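For reference, the structure discussed in these notes is given below.
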Amino acid sequence: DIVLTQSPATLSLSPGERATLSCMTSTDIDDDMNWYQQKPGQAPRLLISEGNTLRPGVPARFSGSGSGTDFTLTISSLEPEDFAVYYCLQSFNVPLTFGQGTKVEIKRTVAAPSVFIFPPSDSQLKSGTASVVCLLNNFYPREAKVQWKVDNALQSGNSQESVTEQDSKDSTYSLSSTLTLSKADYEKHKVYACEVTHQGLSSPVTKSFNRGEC
Amino acid sequence: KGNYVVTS
Amino acid sequence: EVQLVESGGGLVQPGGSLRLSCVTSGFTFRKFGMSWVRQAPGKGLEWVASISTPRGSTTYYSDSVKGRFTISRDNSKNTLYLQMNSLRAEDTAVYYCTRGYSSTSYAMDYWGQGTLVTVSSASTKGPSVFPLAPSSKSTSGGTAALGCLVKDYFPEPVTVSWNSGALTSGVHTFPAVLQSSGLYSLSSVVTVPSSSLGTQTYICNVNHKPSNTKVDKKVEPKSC
């Protein structure tokens, strides 16, 4: 099976700028490389087919180049509608294989998150489980680390994160991290804390609460 | 290396 | 223009079977190779199977589905099929009907909108909705955050609004997460003026149609 390696996984640019997207193959596939665009909630769209052939209807700012093992998709000048995910596909051999995608996203100034921690509600505790939520609000760039600490012990394996798409207005992200414990485990500790590391924060910010406080 | 058929 | 319309997707238990159909228009179906490509939630594209033109005597499969899935075609109905047997959780994905762009390549030009296949042992269950109360330490004259935790439901989706849709600014409703239990959970939050916490009402309206669950949860400062 031929492996397609796309890089960078995330390309951060502003409208008007030139975008260069790379796809490398584990073996020589001649010129049987194809490029697709996919927007959220939509089906993929073919941009370039085998032999770096520009498809009819596709704007001229898109072009494919390269052959053998190193392929490039170039967007000469980004339009707002070009911010999306791009996949490469080799059709040289079966199984047909895709790259894992490159997301072309909007670059903006660094924005530190505001951080909020939420204890489990009493109604949830009454049900037998405890969810502790940490919110990171309106930050950029995307890279952000959340570390849960319970009485100062670093947690691992018991949290899940979710993130929003870039806000349409301020181009920031938001993220929620949920730490899930049994009611019993929750009630044998005191201090719950969420530590946030982000480029926009000169040093990590921690929000915390003590069980049973207002 | 072109190990498949589309039009039979 | 070319149209590919998939159908036959839905919820199925592990070990079970489904047959997807794709009805096409806008081109001479018998003249083109066809493929199925799938996209797991939050993941990339993955080729599943391809079939030759015209009769479809010659077929190809990914190792992931070899021996379990069968691709076929009925040219007199402009229809492509995918018979899916012995389904597993990891087969959950949007399944796309696609057309091979040339007489010698399965590289896809046109794609359908896709049909969702969910493989799971979970039963229909409505969420519990828990308040994410604004902190009593919310900054004076500053900005406070609050929200609702919509926990343990199946299947997707749930909808969430605030104050019946009157409150949209500052709202972040997060993608649902599939828990190890097989049930989903998601949070919706909103930032509001700290000065409003004592006088403004904030209600999250949650709707989970598969279970006929409709919950409006008032989210207020925790008394103490």
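Let me check I've understood the local charge: for residue C:196, count other residues with C-beta under 15 angstrom from its C-beta, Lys and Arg +1, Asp and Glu -1. What total comes out?
Details: positive: C:218; negative: C:220.
Overall, the nearby charge balance is 0.
Counting other beta carbons within 10 Å of each residue's own, what order do C:152, A:32 fall into, fewest first?
Working: C:152 17, A:32 20.
Fewest to most other Cβ atoms nearby, the residues stand as C:152, A:32.
Averaging the sequence gap over all C-alpha pairs within less than 8 Å and six or more residues apart, then dividing by the number of residues, gives region C:122-221 a relative contact order of 36 percent. A cut-off of 5 Å between modelled amide H atoms, ignoring neighbours fewer than 5 places along the same chain, links residue C:34 with C:51, C:100. Residues whose amide H comes within less than 5 Å of that of residue A:200, counting only those at least five positions distant or on another chain, are absent (H built at 1.01 Å from N in the peptide plane).
Of the trypsin sites (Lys or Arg not before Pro) found in region A:59-121, those in coil by DSSP whose Cβ has at most 15 other Cβ atoms within 10 Å are A:61, A:107, A:108. Charged neighbours of residue C:62, selected by a Cβ distance under 10 Å, balance to -1 (K, R count +1; D, E count -1). Here the alpha carbons of region A:79-184 define both size measures, Rg and Dmax, at 19.1, 59 Å. Computed over every Cα-Cα pair of region A:3-106 and binned at 10 Å starting from 0, the pair-distance distribution P(r) comes out as 16, 53, 28, 3 percent.
Using only DSSP helix segments of four residues or longer, with each worth -39500 (n - 2.57), what per-residue ellipticity at 222 nm results for chain A after dividing by its residue count and rounding to 500?
Details: 2 runs with 10 residues, N = 214.
One gets -1000 deg cm²/dmol as the mean residue ellipticity at 222 nm.
Could you compute Rg(Cα) / (2.2 N^0.38 Å) for the protein assembly as shown, with N its residue count? Could you put the intermediate results ahead of the total?
Details: Rg = 24.7 Å, N = 446, 2.2 N^0.38 = 22.3 Å.
Expressed relative to 2.2 N^0.38 Å, the Cα Rg reads 1.11.
Here r is the Cβ-Cβ distance between residue C:177 and residue C:199 and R0 is 30 Å; the resulting FRET efficiency, rounded to 0.05, is 0.35.
Starting from the Cα gyration tensor of chain A, take the square roots of the eigenvalues, sort them a ≥ b ≥ c, and report rounded, prolate or oblate (rounded when a/c is under 1.5, otherwise prolate if a/b is larger than b/c, else oblate). Prolate shape, in that a/c is at least 1.5 and a/b is the bigger ratio. What whole number of Å gives the distance from the Cα centroid of region A:3-38 to the Cα centroid of region A:111-190? Cα centroid to Cα centroid, the span is 34 Å.
Each residue of region A:209-214 was assigned a 3J(HN,Hα) from its phi angle through the Karplus expression (A = 6.51, B = -1.76, C = 1.60, θ = phi - 60°), giving 9, 9, 3, x, 10, 6 Hz with x at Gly and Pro. Here the relative contact order of chain C, from alpha carbon pairs under 8 Å that lie six or more residues apart, stands at 18 percent.
Specify whether the C-alpha gyration tensor of chain C places it in the rounded, prolate or oblate class, a ≥ b ≥ c being the square roots of the eigenvalues: rounded for a/c under 1.5, otherwise prolate if a/b is larger than b/c and oblate if not. Taking the square roots of the gyration eigenvalues as a ≥ b ≥ c, chain C is prolate. Short-range pairs are left out: with C-alpha atoms under 8 Å and at least six residues apart, the relative contact order of chain A is 18 percent. Taking 21 Å as the straight-line reach from the Cα of residue A:39, the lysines in range (excluding those fewer than 8 positions away in the same chain) are A:103, A:107, A:169, C:43. Among C:56, C:147, C:170, which one shows the biggest mean-square fluctuation in a GNM of chain C, springs joining Cα atoms closer than 10 Å? Answer for the Gaussian network model of chain C: C:170. Summarising the amide proton neighbourhood of residue A:17: residues at separation of 5 or more, or on other chains, whose placed amide H is nearer than 5 Å comprise A:78.
What is the sum of charges around residue C:30, taking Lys and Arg as +1, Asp and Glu as -1, for the other residues whose C-beta is under 9 Å from the C-beta of residue C:30?
Numbers: positive: C:31, C:55, C:73; negative: none.
Residues close to residue C:30 contribute a combined charge of +3.
Read-outs: derived from the displayed coordinates by stated rules, not from any lab. Backbone-built Cβ (ideal geometry, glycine too); neighbour counts: all protein chains shown.
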